[PDB]
Each structure stands twice: as C-alpha cells, then as structure tokens.
Amino acid sequence: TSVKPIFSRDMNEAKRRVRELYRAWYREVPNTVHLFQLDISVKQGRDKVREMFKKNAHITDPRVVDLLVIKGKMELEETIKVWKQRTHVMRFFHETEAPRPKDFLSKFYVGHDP
Amino acid sequence: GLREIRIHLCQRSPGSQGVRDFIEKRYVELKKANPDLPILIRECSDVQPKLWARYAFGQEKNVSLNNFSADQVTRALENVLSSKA
Amino acid sequence: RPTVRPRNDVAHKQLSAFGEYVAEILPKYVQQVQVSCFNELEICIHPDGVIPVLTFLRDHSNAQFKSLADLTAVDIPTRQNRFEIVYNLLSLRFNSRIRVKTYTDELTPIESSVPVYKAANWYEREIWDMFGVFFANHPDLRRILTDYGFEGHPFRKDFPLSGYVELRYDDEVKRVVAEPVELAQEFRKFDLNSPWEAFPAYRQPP
Amino acid sequence: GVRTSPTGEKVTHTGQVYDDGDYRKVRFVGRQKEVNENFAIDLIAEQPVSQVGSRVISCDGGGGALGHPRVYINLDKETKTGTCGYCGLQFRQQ
Amino acid sequence: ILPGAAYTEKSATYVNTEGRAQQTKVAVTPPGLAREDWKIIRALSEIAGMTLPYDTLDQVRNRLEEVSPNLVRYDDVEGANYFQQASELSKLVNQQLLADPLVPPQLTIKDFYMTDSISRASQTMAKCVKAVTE
Amino acid sequence: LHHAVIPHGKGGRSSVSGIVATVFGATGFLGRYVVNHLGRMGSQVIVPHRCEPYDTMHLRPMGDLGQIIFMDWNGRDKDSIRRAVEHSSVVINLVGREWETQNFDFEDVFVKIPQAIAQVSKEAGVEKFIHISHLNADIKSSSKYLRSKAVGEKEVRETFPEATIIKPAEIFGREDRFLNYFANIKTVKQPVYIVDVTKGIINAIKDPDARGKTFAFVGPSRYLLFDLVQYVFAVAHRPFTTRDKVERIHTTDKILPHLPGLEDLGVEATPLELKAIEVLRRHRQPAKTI
Amino acid sequence: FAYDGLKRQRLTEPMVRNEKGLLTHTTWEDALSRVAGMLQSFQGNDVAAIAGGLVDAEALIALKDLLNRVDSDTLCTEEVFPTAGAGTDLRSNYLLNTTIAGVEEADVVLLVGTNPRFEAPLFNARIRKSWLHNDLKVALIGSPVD
Amino acid sequence: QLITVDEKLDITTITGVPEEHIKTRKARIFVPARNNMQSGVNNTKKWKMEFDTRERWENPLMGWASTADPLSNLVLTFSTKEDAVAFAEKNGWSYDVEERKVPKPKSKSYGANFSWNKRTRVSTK
Ligand SMILES: NC(=O)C1=CN([C@@H]2O[C@H](COP(=O)(O)OP(=O)(O)OC[C@H]3O[C@@H](n4cnc5c(N)ncnc54)[C@H](OP(=O)(O)O)[C@@H]3O)[C@@H](O)[C@H]2O)C=CC1
Ligand SMILES: [Zn+2]
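Protein chains in written order, with the deposited numbering: chain U, 15 to 128; chain R, 14 to 98; chain F, 8 to 213; chain C, 1 to 94; chain X, 560 to 693; chain G, 1 to 185, 199 to 253, 279 to 322, 335 to 340; chain Y, 269 to 414; chain W, 9 to 133.
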C-alpha cells in the first residue's frame, strides 16, 4: 500500500488542488462564452462546470484526484488559449444527441440494451 | 394465507446441522399433516440456512435458521404455519 | 546457407560484456540485462534509475550514447505495471545501440528525461497522449496527437479501435458535432492463430 | 437466365429481388438495377461432356498456369459424370 | 403473441438432468421486435401495476437464488439427500400399475429428429426424417 | 411491419428508424431542419425537388450513404408526385412561398399543389400525411396568403381525412423571414422556434394519436409587434417586402384553445429570448409579454 | 444440425386479434396493454400458465412471480412428474443423482421405461463407454430398443 | 518518498470510457475452448476477456452488418485469471470467471485392442 505520489500526499492536499481548479474554471466561463461567441448563458457554462466536478465527488484515492486535476488543467489551458474551437467547447453539451430512454419500459420498447 | 414453504440449507456446514436433523426426523410427519402445501427443500453447499414463507399475492418473509437446533426449527415452522401475512 | 540470417558472435560477445559492465556500475537500478540472438542489448531497470542510468550512458566515456533514437511505451495488461517504457539510444563514438526499459502503472509518475535528452520532450508528450503515463517535471506535458478534448488514451490495448465517438457536420447547430460511434459495417474480427505451436525454443514451462 | 418478377424487377443470378412491399426498390426509381446477364450456371451447362479413356483424368481449367490448381477426377461411377470442382467442366469415361 | 428469444439469443439459465445449472450466452440478438423473455414479463408487470422487483439480468438471477440457491451455482452439481424420507412418503398412498407395457415415445431413429419447435422447423431435420424413412 | 422497416440500432446516423418519408418542399427553410432530424436517426428520405441539384447540396451530408434520395418533380405533374410517394410510409408537405410569381399564385402553392399531393398519396396507399397550414389561416383574412391556407387546409382534410395538419405561428430561426425580416427593415404575435416545429413534426410521425388531428404550434410568450421589433433592434445592436407580407405581419396571432399544441406532442416551446441572439448575431432587456 | 430451425417460422412482432378474429402485427405498447388489461381483471385460479420445454429459468421465475401477484399458483409444465408423496419437495426425487460421470463408476445399470439413445444421446454414449471399458452390465425393462 | 493508499485501485474516472460501457457491460473471463475441428491445443494456453454481445443489424444500403457497440471486437489476453480479474476490477467492469477446463488424463493401451476376453477388442483396424 506504499506508492509513489503524483502531487498530493493525502486527500486534504488533493482537495485543495480541486478547489483551485474549480475557481479557475469558474472565472474562465464568462470569457469563454464571449470569446467563443457561445449561445449558452454564463450560468449554463458554470452549471456544466459544476456537473463535471460533481460526478467525480466519490473519489478517495489522492493519485486519481491528482490525475483528474492534471487533466482538468489541460482542458482549461486548451480553452483559455483558444486552442479549442467552438465545436470543442460545445461538445460538453451534446446538443444534437436526442435524449436516450432511462426507465425500463422505454428501453424495452426501443431495443435490447440494458 | 400461506402458499409455499422453502427451506435452504447446506449439506455439511455445522450451521445447518439443526435443519438437517429436522428434515431427517420431522419433515415426513410435517408433509403428512400439510399434504397439499409445497415445502421446497433445497440444499446448496456453503449457504446459510433459511426459511422462506410465501403468502397470498406474492408477499414473502425469510427467517434465518443458522445454528438453530432441530427444536428451534420446529418452532419456526409452527410460527409460519399459523400466520397469514 | 542462403536463406538463414548469419549470426555475429563477435558483436554478441562485445554487447554481453558491456551489459555486465553497466550492471556492475549501477547495481542500484539494473534488474535484468539481456542480449538478443540478433545482437541487441537491453538493460531493464527500476523506474527510479531513469535519470541516473540515462545520464551515465550519455556522459560516461565508455558509453557516449549521445543520441536518443526513440522513446515509446508498450501496453501489457496482464502485468501489474502494464506500461513498459522503452528508450532506444545511439552512440556514434562506438557505433552502437542500446535499449533501456523500465515500467510503470496508471498512477505512478515517471521522471521526465528532458534534462538528459532534449529530444525526450515530444516523445514523452506522445506517451502521455497515447498511453496516459504521466511524466514528472516535464516542461509542458499535454496532448500532442489527439483531437482537443479527446477522452482516453487510444494506444492502450483496451481502447477500442474505432473509439467511442465520431464527428459529422450538423446543419441545425451549424458546426461539427461529436456523437457515439455507429459503423455501417462493423470491423470484422479474425481469429488467425494456428492451434499448433510454431516455435519450440520459446515454449513456456507449464 | 434473367427473368422479371411480377412487379418488373429483374432477378439476379443469386436469386435476389425486392419483394412487392419493400421500400428499398425506391433506389432504382429514375435509375436502374445493375444485373449481369451472363449467368454462369447456364453457360457452364452448355459445355459438352468430355469423353476420356481412363478411370482418372486431371483438370487445370485450361491455359496451364493461367487456369486453376490441377485436380484429379475419378470417373468410376457410371451413373453420373465427373465434374471439376473449380471450373465445372464435365468428364465421362467412354 | 409476444415474440421471445431463442436460446442462442439470450443469456439464460438451464439446469440439466443432474441438477447442474448452466447458462447460455448471447450469440445474436433476437430478430425483429422479439425481446428477452424475462424482460417481456417484467415489462408486462409494470403496465399491469404490479412491477416485479428486478430490472437487470443480475437482479433476476438474485431472485432465482432466493427461490433455489443451486440455480446460480454455474457448472456445479449440488448433491441431494433424503432418499429415505422420499421413499417413506412414496409408500403412503397405494396406486396400481397399469397393465400396459412400457413403450418409449421414440422407438426408432425417425422419431428422434423432431421433438421441439426448433427442430420441427428445421429443414435439415426434415431431410433426416425423409432419409431414414425413404 | 415489413421486415425492412423494423427499427434497428441506437437511433444514430447508421441506425434504421423504420421511417420512409417523402418531404415535398425540402429545399426551403423548414425542410432543411425536417430532413436533418429524419436523417439523424437513420430514416430513408425521398426529396422531390424543382430547383437545380446545386441547390439541394446542403441536404446530402444529412444522412448516411443511400438514405437521402433526390427526385425531379413538378407541382402540376401528378405522375412525378406518384413516383415520389409510392414507396413511402409518410408524406410531409412543406411546399409554400411568401410571394406570388408569374407561374404560381398562392392558390397553386397552397391549394392545388397540396390537394394533388394529398390525393396521389391517398391513391398510393400512404399511411401518414403531414400538412403544414398556418395559425392565422382564415377565409375572412385581408391576406390572400392566409385565405389560400384556409381553403387548402379544408381540401387536405377532405382528401386525406387521417392527415395530421399543423398550424404554426410565425417561425423564427437562422433562415427565417421573420426576425431577419425586421432586422432588414395593436398586433400581438406568438412566434414559435424552428426546432420546436421540427420536433413537433417528427413526433407527429411517431405518435399514433396524431393522425386525424389539427395542431397549433405557438411559442410560449405573446408580444406586441411593437415590443418585438424594438427588442429585435436592441438585440441586433442597431439604432431603433410585398404588401401581402405586411398584412400577415399585422395579423394578430389567433388563440385556438381547442386545438392541441406542442405540449401534446411532448415538445417544450423555446422562449424567443434564448434563441434570438442565435438568429440575429450576424446583423450586428427582453420584450414585454402579454 | 437443428439450428437452421432458428431461421424459419420465427415470431418477430407482437400480434393481437383484429375485429375479424385474425392475428395482426401491433406495437409492444398495444400488445402488453391488452394483456395487462385482462390480467388486472382476473385473480386466483382464473389465471394459469404452462411452460414449454425450451424455457429458461429467468423467465420461469418471472412468470411465477407475476402470477403469484394475482394470487395464482397454477404454474404448470407440460412434462409430468408424479406429485404423490414427496413430489418436488426433495430434489433427489427428480434428479439423476448419480450424475453423468458417475455411470463410469457403476457396475450394474437398470434402465426402466426409457430409450436413452434418443432421449439423452450423450448419456447413452456414456453408458456404452462404461459398457465397453468397465464391463458394465446393463438391463432394460421396456420395449427392446437398439 | 512514498505515501500510503488503502483505497481499492479504481481508474474508471480517468480511462475516458463512457459511463454506459462501464456499468452495463459484463466481461467474461475464460480460457477459450479448443476448436473441436482441430487437435492442436496451442490456442488454449492463455486467459481471455471478452464482453457481452450486442445488436448487429443489416445496413440498408448494402446489407452489411452494422453495430453501435464500441467494445464488440475487444478481446484481452492474460497470463492468469488473477491478472484478468485484477484488470476487470480496476476498470469497473462486472465479470464472470469460468474455471479452466483441462482434459483429464486418459489410460491408453494399444494391447487392449486384442483382448482375449474383454469388450475392448477391436473388430477392425
Ligand atoms: N416560415 C414560416 O414563418 C411559416 C411557414 N409556414 C409554412 O411552412 C411551409 C414551409 O415554410 P418555409 O420552409 O418557410 O417555406 P420556404 O418558402 O422556405 O420553402 C418552400 C419550399 O416549397 C418549395 N416550393 C415553393 N413553391 C413551389 C412550387 N411552385 N413548386 C414546387 N415546389 C415549390 C420550395 O422549393 P424551391 O426552393 O424549389 O422554390 C421550398 O423547398 C410552407 O408551407 C409555409 O407556408 C407556415 C407557418 C409559418
Ligand atoms: Zn477444371
């Protein structure tokens, strides 16, 4: 159970980097919506940022959290530097994907998938 | 009321020893008294013994028999056979 | 014999002697040394030894491996450390090549070798991009080959060949969009391996 | 051996034809269904049976190395002819 | 008519003559609008306001375990005991053997080829029946 | 169902939706969204067109290989209509024109042509027929455009009784002649979003309760035309056309409570405030709703 | 070789009877609504089920659970097994308790009222193998089949 | 310097796999059965991991087999079943493990073909 760390030596140290990343993303959305001339609202962009962070709330391994922060910072760098184009930013929102069926009966009617 | 009895037990685990004693000594007399009641005895290795009772409209309860003696097994059988849950 | 590749025992002996030489000088890091039947010398090291071993081979007077030919990874899922990091070096002084191998898993960083070879910069970015191995103290670690926002590391053995998403232009939103991949013709998997052993010399003990 | 279905679509040599209710035949509207008219099953049948004097004959399909792998055909059965599995030519022991 | 799935089109549990539970795997999906058989019943239960308490293959296999635990011990042959108790109950009620001789349903090979709906629809099985009778 | 039109796949480009649709007027504003949605889920779309093929090119990427089929047709030629529909399971009529030409009056476009399409489709055995009319269609309208819509709506109902008839308000969207109309410059309007109308049409094909019904497609809010035009100018950052069009623009949008609407098809109407920037960004305080 | 039956006479769509009494294709929604309507209107002995030979256990329990929820216990099979005495209470009453591989350890096999060659061809093959290699003695009560 | 980490290894959040192809898949871990058409046993040495089969449908244009399953062709190889299970566990796939089936050792005797008094005597060679 003795492993080499990435950046953080425990979850408290890792959770600091998560908060710093969240602040960076939070403050970047208004400029992203303007620079990329997106049609989403700033609230939508921040609501999307929060949703992305929240699906990873169950992680308790500091090394995994470190990589998520590492990857999250790369994504932020791609956005702030406009390496991404408009298509790449809007891919988070799945606008052309129709809503898949979630309940059992709906899934049963359309196909065989669980 | 009651519709079906099921008894699960292991073939060799000591925790099912009381259930094993009950079956070899009392099941035959139980079946004679309840001729038209399904009493599904199902042995499976390394399972904790259990007593499932199914009542009308698919309501089920399960009582654990682990480490029970043959007498406690009899008692649990009488409790289920007098209920209408 | 016209069709058989000739052996070269002189080079095999030289490379073997140098392999022991390296193992004697850096016992702290060298775990295995082997020379192939086509005379390629491989040094297998603990991952902590990346910088000391590469520096020694670059700078030592009897090595002088001044050129990093290639740096890459191999994914082997059955191993606890699934990623094998391979450094291929070239010594112009002694007209020789050597291969240095270490290992890592999904969560263990490897020290960046940019300080030793400036060539390592983009090779390590490629390894990160294609395999997800994180190199520590890289001047600029980020994707290099995949599309922006691309998820996953395609060269891992468990990443599907056609991936998870595909692109098309959508008129309603007037932009290229990404959607789950559907193929008009699924890639046809072939089972080609013969059920008869080909090479007794490599038979594994049962 | 091309014949047309009741709806007029030509039937291919593999027997393919869209049935009456198949929407997919809309692809031929204003265009055409490409069908090869030289049915190989019909053409090979026109070839005469070859009379030979031996129990076993060999066929390479003609043209030496431009034909097919050379195979040997047993002609002991008198009820039927020997048929080449590659090119369909028939042989009979006189 | 509710179109179900054949044994090649579902992952389903079958128990052989020894009581050994085994499971098939999906080779191809059911044709047309056909559906996995337990899913049909589960869907019917919901529309009827009596939803069954399982939504996945793993959950309905947890249900099987509650009824008969051996049904999820795949490839295992679980022993069964208490022949003495069964023979006692067998003697309680007297029944007479009929005078009829014991005659199996299948006396010759022609009776072997078609016994179920799948083999009755098989053109190969029909060719076998024709060959052994004519 | 014939085996070829049993749905398969996961609703994507390479899937089989089971829909075989002939879309008349597919080369216009509404048609490009309808074809896109049909081709998104893997439908077979037949596109009869009057224009040059160069003008249909934007529809080709909308479907997987073989899923968009183009045919020549003439509004006055019933044989060309029969060729286009005789293999389809649904026919969608989006033919229209905001003006009259030397060769086609509002009566041709909105009465004779819809009636011909509906009649041939009935003869050919098409199961479904979707006809677009107008919210303000009225025999007693000043607009000859709206008068012809009322006459045509009646004729389609008589010819194809099971037709689904959709009556949208003015439609706003990237290629509309509504928001773009004002930007290029008493009455209450209830404009509806192009994507909402498209989703309603697509859902009317699937919904078996839609047959024989008449729908009104309206946006969530009603505005005074003065309030709308002022808002349009503000969004376009600008300092704040036949005569028939003027009458249409000044016709108050009818309130038909007895007709089902977008909600009855499972579609939520999109507010003009969310999408106005999308339409008007290229011409570069919400309006008060009733 | 019977797998080619899987390509013939298949049920691919839900069907209900139309006004004229003929089966006609319909949606899953419609087919299940008709079945659910009747199911809600019956209880107890008015609802029964028969399972065929190729049915899987997952479906068997699902149908049993569904019928139990209307208080019906008439879950039947086509193949008969005497319910006299212990019936199905004890697995050993209706199992091949020796197991298939156990035939190779037997010294005498008594076959009663069976033609295992066609009922269980691979089981009969196991009997022949023990007959051939273990000198097993086999007796039969029933028709003298080959 | 090292740190202590007691959590079970889990990489599902950093592999990039869509959620659908983690939770709803079922990995099968097994040693492939010998192809009965051949006597060679060299394809039965290693452990394999494949996934549950999903829908394939006919392409309307050509009739080709289409699929929407990105994992339809994925097949991993492992030295042992522990390695395969370890891989499945850290990727979040639920799995079934089937124990390797090894042919049981047989007793062969050419001489038995000519037994004086046993049934093993062969009627033909
Ligand atoms: N857009 C709106 O605000 C509203 C529109 N509608 C109705 O919705 C339908 C479509 O709207 P929209 O898409 O804006 O209409 P468009 O004018 O944008 O496109 C009309 C379509 O009809 C075709 N068409 C027009 N005249 C003829 C003709 N004489 N012969 C053959 N084809 C012809 C055009 O093809 P070509 O390019 O070859 O001319 C084009 O594809 C119309 O019926 C319209 O009246 C109803 C309410 C609101
Ligand atoms: Zn030949």
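For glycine and all other residues, C-beta sits at the position ideal for the given N, C-alpha and C.
Margin query: Please classify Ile52/R as buried or exposed, where buried requires at least 16 other C-beta atoms within 10 Å of its C-beta.
Written below: buried
Note to self: Suppose the cutoff is 6 Å on Cβ atoms and the five residues either side in sequence are ignored; what does the same chain contact list for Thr567/X look like?
What the structure shows: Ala586
Checklist line | Selected residue, minimal CA-CA separation from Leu335/Y, among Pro350/Y, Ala354/Y, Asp314/Y, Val284/Y | finding: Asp314/Y
Next item on the list: Could you list the residues in the region 38 to 72 of chain G with a C-beta less than 8 Å from some C-beta on chain C, going in chain order?
Entry: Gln44, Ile46, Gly66, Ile69, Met71, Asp72
Notebook entry, point to check: Would you say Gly563/X faces chain G, with C-beta separation under 8 Å as the test?
Noted result: no
Checklist line | DSSP-derived helix/strand/coil call for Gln582/X | finding: strand
Next item on the list: Would you mind stating whether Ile293/G and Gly213/G have Cβ atoms separated by less than 8 Å?
Entry: no
Margin query: Since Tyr155/F and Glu92/U should fall inside the 8 Å C-beta cutoff, what is the C-beta to C-beta distance between them, to a whole number of angstroms?
Written below: 5 Å
Note to self: Using only CA atoms, which one of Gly26/F, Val121/F, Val93/F, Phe157/F lies nearest to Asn144/F?
What the structure shows: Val121/F
Next item on the list: Using the DSSP secondary-structure output, state which residues sit across from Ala407/Y in a beta bridge.
Entry: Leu378/Y
Margin query: With H, G and I counted as helix, E and B as strand and the rest as coil, what does DSSP make of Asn361/Y?
Written below: helix
Notebook entry, point to check: Which bits of chain X does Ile6/G rub up against, with CB to CB less than 9 Å?
Noted result: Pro590, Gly591, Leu592
Next item on the list: Using a Cβ-Cβ cut-off of less than 9 Å, list which residues of the region 48 to 77 of chain W approach chain X; keep chain order.
Entry: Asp60, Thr61, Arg62, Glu63, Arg64, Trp65
Next item on the list: Rank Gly71/W, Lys89/W, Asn81/W, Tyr118/W by C-alpha distance to the C-alpha of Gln16/C and give the top, closest one.
Entry: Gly71/W
Note to self: Residues of the region 169 to 199 of chain F in Cβ contact with chain G at a cutoff of 8 Å, in chain order, please.
What the structure shows: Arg175, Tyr176, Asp177, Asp178, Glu179, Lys181, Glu186, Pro187, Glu189, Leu190, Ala191
Next item on the list: Classify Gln24/R as helix, strand or coil using the three-state DSSP reduction.
Entry: coil
Notebook entry, point to check: Skipping 5 residues on each side, what residues in its chain have a beta carbon closer than 7 Å to that of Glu175/G?
Noted result: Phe29
Item checked: Beta-ladder partner(s) of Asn74/C, from DSSP -> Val56/C
Note to self: Just to make sure I have the definition right: I need the residues of chain G whose C-beta is within less than 7 Å of the C-beta of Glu281/Y. Which are they?
What the structure shows: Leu1
Note to self: Let me check one thing: in DSSP terms, what residues is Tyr40/U bridge-paired to?
What the structure shows: DSSP lists no partner for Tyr40/U.
Check: Can you tell me whether DSSP reads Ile92/F as helix, strand or coil?
Finding: strand
Note to self: Residues of chain F with CB closer than 8 Å to the CB of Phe86/W, please, in chain order.
What the structure shows: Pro84, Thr85
Notebook entry, point to check: Can you name the residues of chain Y whose CB is closer than 9 Å to the CB of residue 8/W?
Noted result: Since the first and last residues shown for chain W are 9 and 133, residue 8/W lies out of range.
Checklist line | Proximity test, Cβ basis, 8 Å: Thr615/X and chain U | finding: yes
Check: Near ligand 2, which residues have their beta-carbon less than 6 Å from any of its heavy atoms, given in chain order?
Finding: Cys59/C, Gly61/C, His68/C, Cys84/C, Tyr86/C, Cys87/C, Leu89/C
Checklist line | Residue closest to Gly26/F, alpha-carbon to alpha-carbon, out of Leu114/F, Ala208/F, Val40/F, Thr115/F | finding: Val40/F
Next item on the list: Please report the residue range of the alpha helix (DSSP H) in which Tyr566/X lies.
Entry: Neither: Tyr566/X is in no alpha helix (DSSP H) and is coded neither H nor E.
Next item on the list: Assign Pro384/Y to buried or exposed, taking buried as 16 or more other Cβ atoms, counted over all protein chains shown, within 10 Å of its Cβ.
Entry: buried
Next item on the list: Just tell me which of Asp104/W, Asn51/W, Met57/W, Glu63/W has its CA closest to the CA of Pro589/X.
Entry: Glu63/W
Item checked: Option nearest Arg182/F by Cα separation, candidates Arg105/U, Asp127/U, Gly125/U -> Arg105/U
Next item on the list: Return yes when the C-beta of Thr27/G is under 7 Å from any heavy atom of ligand 1, and no when it is not.
Entry: yes
Check: Closer than 7 Å: is that where the CB of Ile171/G sits relative to any heavy atom of ligand 1?
Finding: yes
Notebook entry, point to check: Using 8 Å as the limit for Cβ to Cβ distance, is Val96/U near chain F?
Noted result: no
Margin query: Rounded to the nearest angstrom, what separates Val231/G and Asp105/G at their Cα positions?
Written below: 27 Å
Next item on the list: Using a Cβ-Cβ cut-off of 8 Å, state whether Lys35/F counts as contacting chain W.
Entry: no
Check: Closer than 7 Å: is that where the CB of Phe178/G sits relative to any heavy atom of ligand 1?
Finding: yes
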